Amino acid sequence: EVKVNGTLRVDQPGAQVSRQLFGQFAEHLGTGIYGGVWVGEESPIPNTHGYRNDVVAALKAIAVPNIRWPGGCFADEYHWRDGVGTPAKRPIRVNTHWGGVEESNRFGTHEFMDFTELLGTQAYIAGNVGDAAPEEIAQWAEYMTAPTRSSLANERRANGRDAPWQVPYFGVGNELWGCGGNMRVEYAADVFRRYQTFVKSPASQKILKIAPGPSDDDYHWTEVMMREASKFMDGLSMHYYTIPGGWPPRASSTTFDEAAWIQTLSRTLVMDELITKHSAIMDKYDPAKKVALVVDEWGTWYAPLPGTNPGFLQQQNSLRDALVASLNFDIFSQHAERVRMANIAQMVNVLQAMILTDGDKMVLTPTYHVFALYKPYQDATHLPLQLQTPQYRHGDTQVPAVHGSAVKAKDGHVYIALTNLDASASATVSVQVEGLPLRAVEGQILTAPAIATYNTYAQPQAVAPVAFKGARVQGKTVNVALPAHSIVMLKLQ
Amino acid sequence: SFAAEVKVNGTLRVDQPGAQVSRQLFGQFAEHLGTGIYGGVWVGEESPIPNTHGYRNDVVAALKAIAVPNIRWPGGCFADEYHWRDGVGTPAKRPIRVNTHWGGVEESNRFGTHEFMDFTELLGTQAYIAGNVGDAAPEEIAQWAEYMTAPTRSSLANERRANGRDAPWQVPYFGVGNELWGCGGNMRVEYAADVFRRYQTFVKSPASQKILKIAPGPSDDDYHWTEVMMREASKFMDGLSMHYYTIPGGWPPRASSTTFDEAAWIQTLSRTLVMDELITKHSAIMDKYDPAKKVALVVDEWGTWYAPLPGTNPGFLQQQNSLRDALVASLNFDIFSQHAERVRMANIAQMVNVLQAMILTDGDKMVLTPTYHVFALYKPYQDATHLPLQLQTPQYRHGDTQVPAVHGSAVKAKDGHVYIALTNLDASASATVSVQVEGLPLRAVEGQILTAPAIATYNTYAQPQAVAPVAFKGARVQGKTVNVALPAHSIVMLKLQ
Amino acid sequence: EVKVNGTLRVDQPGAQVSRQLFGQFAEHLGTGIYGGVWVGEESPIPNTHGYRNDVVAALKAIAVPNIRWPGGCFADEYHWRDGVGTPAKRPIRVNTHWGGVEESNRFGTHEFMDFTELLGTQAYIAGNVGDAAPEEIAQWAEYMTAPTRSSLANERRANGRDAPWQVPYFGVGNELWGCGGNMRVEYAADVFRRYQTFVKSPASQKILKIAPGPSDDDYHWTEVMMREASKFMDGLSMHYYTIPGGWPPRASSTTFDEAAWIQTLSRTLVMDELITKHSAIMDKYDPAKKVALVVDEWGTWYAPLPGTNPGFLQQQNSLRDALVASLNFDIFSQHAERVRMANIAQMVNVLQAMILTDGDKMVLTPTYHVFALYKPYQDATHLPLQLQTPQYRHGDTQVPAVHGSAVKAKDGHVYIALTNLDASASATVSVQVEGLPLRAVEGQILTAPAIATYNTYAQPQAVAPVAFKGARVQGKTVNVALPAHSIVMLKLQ
């Protein structure tokens, strides 16, 4: 009864779908670092040099491409020197944005950078422009990357790291329109131009610089930043949260009806319009697309769970959140020439997390499983997938009934992702494949019995992928019986 | 010499109570300047000048007696170059700095954060802290606020504790830059608004107290400054500062504080009255962006500025304080109280030994100025209720200058009594003032008068009460009328039963 | 065949030709400081307290009027505190612009300032605006100049200097349009206004403040800086390099034909148009001419010599460079009412140097000899000299065949400088002198047998001044037989 037709053009390959679209984001916020990543060398939670083993293994298994640290709003007040040297001598600071709680600085530059090397991931460092003078980020970059025998390099060596680390991405201010200094873009562009000057790449590696970009539909911000500074940036950040009910976040993460379901998906899909319009502005100043659009905060933002400190942003992660992730990956992959990095907010225990921990307990969220399903998209080639779908309507809201994307992976196999956004109606999908003879199709499905299903320590697999039985090939057509509220990932052979 | 007596008629509407006249209109201002801090307030624990923890006792008692509501510190121009860490920790380890604006003399930093904040607690007054925006990065004021107010066991809070203060202090007002159009960085307002927006971001209130933020506002009639600061930043400020000095003869200040004729008298009063026009016009601009009046207009520098006294360091701004200065203060209090919905803070420049001071000291000697006595007379205005007082007054004219012959204001005080202030601006003519009182049955009136035999009279160590308030016998009640025989060059404060 | 007629008006004296037009510029760059000036107390190169003796003597002999230090691009990242205190405790920094090499900071504030006193020259200090807060330059000025017992003054005393030094000129940012923070002028004007506020003169001496001005023909920069900030500056800097072939610098400093000769002189003469047009803008906002135009970078910029580190800007210095210097001195002296300071880039071993060193070897360049010839111009009086000259043409380029200038010196004598720009043709110059009875004339000539002649350690006097015998007086006329490619300086009795 819901019928979806489409075309896959394997013969019209497009741009690389960057692995950096699967970036993570670990702010010093709530238990995102302390408990979520760092437990300390003396913890009875099994750990490697203080990093909990369960989280390390889980993040390695989805091949995290980069982690942005330490913020976020925290980064615009962070002083990197507070986080180096003997732990006993590091100052206790106040985390002003996120509960006004004490920050021990036990997890600092060496602990984060060595964590990235343990995962085999890239570091995306967020520098302080709002409350520091430019010399702070200049010295931080030298400390981390200098191969010479300068005082800062020698101080890194004294602190136990002989060789430079790689710092491939460096954010030059975070949310400058808000928590980073309430700046008009005219002022922020001047500040960016100045502060970026003093972050210099040594001969031995290139540090790419990400300029502070718009929130939501702030097109004026993009216009000015690009007009004034496009020659001085390697990327421009944009931020868009999916916030059912609007700001401030009051929607339940655990308990919701179909109206809240469709509203959430409707809001998340706005990402496509935002990327389109911000990209078009970037094209006016940067037609060769040298500057990446960097979506370095996205995801859902709900009411805090009952009983939790609201400054710690703890929320559950349901099937709804899985669909949010699949729809955003689809959208990013459709804009792959310009959108070359993204970072979901946030990695562990905060906002739309991969993982929830509580002492030695750990659970993988439905969102984690979507990152796992879409692993073949990492550094794949975009393929055009054009779907002819009816709308799913509930009350005064409508969204596409089915959404999807496709790639040719580095192993040479074609993958098709499909999502059925309808809370109760299945769909029959028929995709005509051009440019590749088919014999077979294998797949996995992520769904659950109810839209509001989430994983817990006691029921860790309520939402988890299983083998999918509803895909078949006939002639040049892939036919899919796609259940309500589900995501499938199909591999053609 | 002689001038004929004048008639003034007026109406007092006790039945039309208006806005609260904030006690913060009586704010003081103690910059690190000349002997305003060193000698004027701080003598050190080992001084032979009688002192409590290094604060001279005589000044403490005098300031307590006028119920100082807040003190702004440490500037002024000094604040835009001050580094708060220079003023904390063991005194011998604090650096000696240079007071660049005010004589280029050494600043010992012996009077720093702890000494000022503990002084405010000794007086029972509020701290109005002036933060450095001009020559510091924003992290300095951010850390300063944490040091002073954090209740947690952060390193900065523990440093405050190490330096002898366990509990946080209260920091109810925080200035985010001082005179940014001038000594704070010669900024165009368009740039200052961006800088203010940025620096204010990082001054955060802990959960335990609210720190109000005062934005750097206009000098004199710089309406463009108010327009841009309000247009660009009104949502980020609790107050906007304005500055207006009374400078007879204009800048640079060359008029004598001790010796003057009637032309200089009326010129000074004419110039001081311009405050009303400035407040009116700056308020109207603020109304366009902030019609609910959430942002206070903060007059945080006002008062007279004269030539320095002969033989003094001109960078120390030492001037005498005469009957003329008393009238300047009474006229300004009248004006502020007429604008009480918007003007909710003011700070006279400056508290001890500097500009229009409350107190002058010289070693163990201390004298209370005529201006001090006006703060004392107007104490009942603190947190009082404004009452409309309309006066129909002739002009006082001398040469090509004219001012109202009589000026005044009224309140209903928290003690429940109605008070009426009247000032006769005429250097030689007495006035008969007849006030029709509505909404209050009249039984009795008493009062005090501040005057002197000559306009150019001031207080000295040798003649400490040449200008000082005494019982006033020239008010009478009849029916619904208060009749006042108001001498030339005088201020009266009347209390109705 | 080439005949030039002129008129000298000794009876119409003009403005003072400031000695500061002969300023030098010593950036921390290559071997300009380390090797070129500072060898260290432990060096076998003969030295006085670490300053090499040969360079000290040579610079004293041309009466250097001021030296600008320490940059240049280096100055916008320099932290003065790194260069004071016990040498063992000073941090090693990175010279990011000029090879990414280590900077020991052994040559710091005391070493530079005591060097200026040894030479009897003035210090022109270049302050950090780009990457520092304003408190740094404020404290630096106090450290150097405070006569009080402030902590900064006491620290100078502890470091071995009891009395203040004189700091007569202070640059408030360097190249803010580029290496100093990539600032548009509207932002730079706001930054200058703010930072200059906090550089204060003590009662005991006046510190003049130089505002960051235009590169080349950036008239918009001059317009905005003067419109917004002329009341806060004692001088406005301008920069103009003579770069044959254009940016990036690829022309040989050693080997060139007549086309490259005339192209270089044509490019250097553009200085006159730039000064004219920048001066006219300054006149609109500063009609009294209170603000000096300060040419604090000029000179030739060539390809780096073979085998050298390209970040050290090492080039040779030929007869062509001598004529560049004489033409620039002529031009500056014609604009002496407004142009009151200039600094050639750079003093030793860098760009159009006075001196080249290599270990204990030292050579004086052709450019040095032009500074020597023009010594009588120091604090002289400008005299109007009108020359009617044919053009020198080679291919599609033309320049005046002869160029010159004249002064009445403080020694009471009139001096006339003439340059023959032609690579091969001599000129006959006839100057009618008004307002001075003529008795005799003598002079010196700087030339060489070939245009591409330069000085080396093996041939240190290939280009050096000798007595000139080709001037004679007849009636009221000075007649000069002026050789091809030559500079003469004539002294009238």
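Chain naming here is simple, since letters A, B, ... match the order of the sequence lines and numbering starts at 1 in each. Any value given below was found using the heavy atoms of this structure, including those in side chains, with hydrogens, waters and symmetry copies removed.
- Between chain C and the residues B:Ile96, B:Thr100, B:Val98, B:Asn132, the most heavy-atom pairs under 4.5 angstrom are made by B:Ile96.
- Scanning both residues, C:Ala133 and B:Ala137, for their nearest heavy atoms gives CB-N, 4.2 Å.
- In this structure, chain B has a heavy atom under 4.5 Å from the side chain of C:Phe232, while its backbone stays farther away.
- Note that CG of B:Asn99 is 12.0 Å distant from OG of C:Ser150, once rounded to the nearest 0.5 Å.
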**Criterion side-chain contact (heavy atoms from CB on, under 4.5 Å) on C:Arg194 and B:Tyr191, from CA distance to verdict** = CA-CA 10 Å; C:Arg194 179 181 189 176; B:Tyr191 180 55; 3.1 Å; yes

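- Side-chain contact between C:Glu135 and B:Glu81 is absent, with no heavy atoms from C-beta onward closer than 4.5 Å.
- To the nearest 0.5 Å, atoms CZ (C:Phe198) and CG (B:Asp80) are separated by 6.0 Å.
- Judged by distance alone, the side chain of B:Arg188 and the main-chain N or O of C:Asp190 form no donor-acceptor pair under 3.5 Å.
- More than 12 heavy-atom neighbours from other residues, nucleotides or ligands sit within 6.0 angstrom of CZ on C:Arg157.
- Proximity to chain B (any heavy atom under 4.5 Å) is restricted, for C:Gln196, to the side chain, taken from C-beta onward.
- For C:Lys289, the NZ atom counts as densely surrounded, since its 6.0 Å shell holds more than 12 non-hydrogen atoms of other residues, nucleotides or ligands.
- Only the side chain of C:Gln139 comes within less than 4.5 Å of a heavy atom in chain B; its backbone stays farther off.
- Here C:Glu142 does not pair with B:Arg97 in a salt bridge; the nearest charged N to carboxylate O distance is not below 4.0 Å.
- Heavy atoms of other residues, nucleotides or ligands lying less than 6.0 angstrom from CZ of B:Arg254 number 12 at most.
- With hydrogens and angles disregarded, no donor-acceptor distance shorter than 3.5 Å links the side chain of C:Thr148 to the backbone of B:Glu106.
- In this structure, NZ on C:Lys200 lies 7.5 Å from SG on B:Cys183, to the nearest 0.5 angstrom.
- Between C:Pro134 and B:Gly134, the shortest heavy-atom distance links the atoms CG-O, 3.6 Å.
- If you take CZ on C:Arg193 and CG on B:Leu180, they are separated by 12.0 Å, rounding to the nearest 0.5 Å.
- Only the side chain of B:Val195 comes within less than 4.5 Å of a heavy atom in chain C; its backbone stays farther off.
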